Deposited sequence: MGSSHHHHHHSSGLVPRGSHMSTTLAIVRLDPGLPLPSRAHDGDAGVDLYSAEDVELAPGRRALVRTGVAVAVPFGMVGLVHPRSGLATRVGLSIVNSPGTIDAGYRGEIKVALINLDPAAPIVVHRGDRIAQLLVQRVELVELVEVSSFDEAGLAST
């Protein structure tokens, strides 16, 4: 039933931390799969941490993985991501790590192992070929 592809893209994933659920789409059509923290971390205002997600992925060639902040946590507690959107290259086989930062002025954020701390989107990217010109009239 499920196994039939209705009228993929696939993303190979390794759970380096098998104790965490696989990243999942909260709903049908959702752009991102939620990434989990493998760890407990407390962020004082303005502090940042490179947080392990416990997964590694193989973004297809011609694509990019993008790590985006979750909007609820952003608003509620000022949780953001320092390098957002995080750029995961096709060639990267390492653990996805999220550079969480507390952008609240005063209140610490506690992240617990098992919390959803970001979302991962996958998009095609143009692997551009640079054409250097001395001015734009010239390139056309």
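S.K.: Which segments of the deposited sequence lack C-alpha coordinates in the modelled structure, numbering from residue 1?
M.R.: Sequence ranges with no C-alpha atoms are 1 to 10, 18 to 21, 155 to 158.
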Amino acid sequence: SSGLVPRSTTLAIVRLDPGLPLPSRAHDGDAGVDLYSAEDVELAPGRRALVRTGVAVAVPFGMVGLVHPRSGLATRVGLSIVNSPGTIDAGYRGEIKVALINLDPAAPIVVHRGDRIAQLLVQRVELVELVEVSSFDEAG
From here on, numbers count along this sequence of modelled residues.
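Note that the rigid core is defined as the largest set of C-alphas that superpose within 1.5 Å between two forms.
S.K.: Name the stretch that deviates more in 7 other deposited structures of this protein: 53 to 61, or 24 to 32? Use RMS CA distance to the shown form, core superposed.
M.R.: Per-stretch check in 7 other deposited structures of this protein: the more divergent one is 24 to 32.
S.K.: Which has higher Cα B-factors on average according to the PDB entry: 23 to 31 or 86 to 94?
M.R.: Stretch with the higher mean C-alpha B-factor: 23 to 31.
S.K.: Would you mind checking which of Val64, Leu103, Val55, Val111 has the top Cα temperature factor in the PDB entry?
M.R.: Among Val64, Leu103, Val55, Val111, the PDB entry lists the largest C-alpha B-factor for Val111.
S.K.: Where does the C-alpha B-factor of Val128 rank in its chain, lowest, middle or highest third?
M.R.: Within its chain, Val128 is a highest-third residue by C-alpha B-factor, going by the deposited values.
S.K.: Going by the CA temperature factor in the PDB record, which third of the chain does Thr75 belong to: lowest, middle or highest?
M.R.: Top third by C-alpha B-factor.
S.K.: Among the modelled residues of its chain, does the C-alpha B-factor of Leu50 lie in the lowest, middle or highest third?
M.R.: Within its chain, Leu50 is a highest-third residue by C-alpha B-factor, going by the deposited values.
S.K.: Divide the modelled residues of the chain into thirds by Cα B-factor and specify which third, lowest, middle or highest, holds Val41.
M.R.: Its C-alpha B-factor, which the entry lists for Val41, ranks in the highest third among residues of this chain.
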